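In the form deposited in one PDB entry, a lone chain appears below as structure tokens.
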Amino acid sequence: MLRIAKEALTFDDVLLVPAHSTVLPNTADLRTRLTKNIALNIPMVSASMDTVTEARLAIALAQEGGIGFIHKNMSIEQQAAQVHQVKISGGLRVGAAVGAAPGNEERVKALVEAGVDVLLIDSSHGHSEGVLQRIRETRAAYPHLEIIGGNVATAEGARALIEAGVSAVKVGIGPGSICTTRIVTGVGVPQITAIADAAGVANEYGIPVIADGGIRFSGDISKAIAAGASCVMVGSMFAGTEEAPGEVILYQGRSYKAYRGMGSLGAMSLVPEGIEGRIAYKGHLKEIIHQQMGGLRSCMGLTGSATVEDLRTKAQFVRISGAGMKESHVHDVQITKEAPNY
């Protein structure tokens, strides 16, 4: 009577199993794919959010081997200009977002004319007739444009996007840090299972999966890749960097920047699907990426994964309980110094 499809898992439900290794962290190969036609030197892309990615962060991230997605909460002229600013900064790639609603044809044309490398239809509605037909329309108009459609969280959603013509499948319905879709609507799929379910289909086509949302610690990047993702999209992890939009706010001896959902009231201007918040100031993006990729390298040394494909297709998990996750964190000790990756 209760129509329950299966028990789905998230990052804190699993750990990666150490295995025979010939890999040292400094020899690990971090290269991967965003699409069949767009390679990345590291498996990180930035969220299309108004508190994460404008040209400044997109440039810095691309210089580190990732790609940024310029957010849609600005005029067409402004967004095209940001794309152009990244493109003229010496051989760098950039993406840009547009919404799922009809009437974005002019915006897409302007972004393409500005040299955008990949268009994102930025939505939770990947498995909808509207988004699928938007993808088909876009693929007709731009036969050689790399396209990522709305997010999905299932095998059938991934298949539908692929059949519509996307270049990569992005996975995540409500796992975001600043996000309340799952609470407001009741809808979502724990992210590890969501990634694996999508990958089971996408792998058949050689189409990359992008794991979007819920990444808190560098270890979550490893887990997302092992679940089947070719790369991760992050908001919180990059929010609060110097390069992210917004000024640094001093409060009670500590520094912060604003970070908000794109379905928050502030971002939309209504029934919101995110909140408005503040996040500790992180310093420069370069050091954050170094910390995060250091964790992933150390993972690859422990799992014996020479490349991201090895991690993505060969590494094994164990299922854990809540006590297992409490043991994984610091426990039974007072932390006197905050570590740069914790």
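If you superpose the two forms and keep the largest set of C-alpha atoms that fall within 1.5 Å, you have the rigid core. A residue's number is simply how far along the shown sequence it sits, counting from 1.
Below, we refer to the form deposited in another entry, which is not included among the displayed structures.
- Only one candidate in 189, 160, 166, 178 has its Cα displaced by 2 Å or more between this form and the one not shown after core superposition: 178.
- Core-superposed comparison between this form and the one not shown: the CA of residue 74 stays below a 2 Å shift.
- Superposition on the rigid core between this form and the one not shown places the CA atom of residue 254 2 Å or more away from its counterpart.
- In the other form, the CA atoms of residue 52 and residue 177 sit farther apart than in the displayed form, by at least 3 angstroms.
- Compared with the form shown here, the Cα atoms of residue 44 and residue 177 move at least 3 Å farther apart in the other form.
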